[PDB]
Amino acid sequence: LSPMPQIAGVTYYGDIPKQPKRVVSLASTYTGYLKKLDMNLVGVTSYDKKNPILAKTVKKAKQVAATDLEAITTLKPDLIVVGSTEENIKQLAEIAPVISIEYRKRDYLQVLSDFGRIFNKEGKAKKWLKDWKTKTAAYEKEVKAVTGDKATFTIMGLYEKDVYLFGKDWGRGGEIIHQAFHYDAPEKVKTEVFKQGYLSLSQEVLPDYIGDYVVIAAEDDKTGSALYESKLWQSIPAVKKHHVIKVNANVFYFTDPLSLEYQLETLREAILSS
């Protein structure tokens, strides 16, 4: 039986096993945290299968959603991990013990040490957080020597015809840019995006939310076409100055340690080359 510590955002359904043998992850947000703690994942999400950093490590896991109850029963899990937003949690808890995580109650680093406490993997969690602390410190000085300590960054993402801004803690590299590198954002990003985490934005106002640098997440090359072709977009100083960092959403959606390792080298190299 897990000690099942009381942690903000963490709800247990049933008796969490001390050493889970057969974990089904239905939350793309947490799959890579479980993988980093070398837990055995027999099910994972479509997002995890599509994440080019994580997928290598979960080839053997079956792709499942919360709507695949019979398929999940057939995997015989001894633990299911979900986001608190998920459908069918009552039905999932009838299959196996559930850990349900309410997003944002613990930050991108705490989520790992929290799983460490739940699963008796506090050593692995601590070794990674130590090394993350070391490189992030060194990498911030390097990138700011290039940009200047005061340079503003905006995090944005594209999905079909949808445009979003992100703050410090909604992925797309905001955790590295704004937390790890301590980069400022433009005034309207601070007052209109940071608190709520994400903002669905009209294409038309993008210039008023972009200062020195913009990180733009997309799942493929074609999604950016019409925006990037537009006069409005080409009118942005950050665009003219080639201060756009286009990133692969299929890994940059996430904040698990494996995804972050890739995102940190990618962002560092993009800022240094600018």
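A residue's number is simply how far along the shown sequence it sits, counting from 1. Between two forms, the rigid core is defined as the largest C-alpha subset superposing within 1.5 Å.
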| property | result |
| --- | --- |
| Comparing 37-45 and 221-229 where Cα RMS over structures and residues is taken in 5 other deposited structures of this protein (core fit), larger one | 221-229 |
| Stretch farther from the shown model on average in 5 other deposited structures of this protein, with CA RMS computed after core superposition (163-171, 82-90) | 82-90 |
| Of 247-255 and 11-19, the one with larger mean CA B-factor | 11-19 |
| Average Cα temperature factor in the PDB entry - higher stretch of 67-75, 166-174 | 67-75 |
| Top residue by Cα temperature factor, when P97, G123, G83, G197 are compared in the entry | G123 |
| Peak C-alpha temperature factor (PDB record), options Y139, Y103, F115, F153 | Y139 |
| Third of the chain's Cα B-factor distribution that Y33 belongs to, per the entry | lowest |
| CA B-factor ranking of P52, expressed as a third of its chain | lowest |
| Where the record places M39 (Cα B-factor, split into thirds across the chain) | highest |
| B-factor third for the C-alpha atom of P186 within its chain | middle |
| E219 by Cα B-factor - lowest, middle or highest third of the modelled chain | lowest |
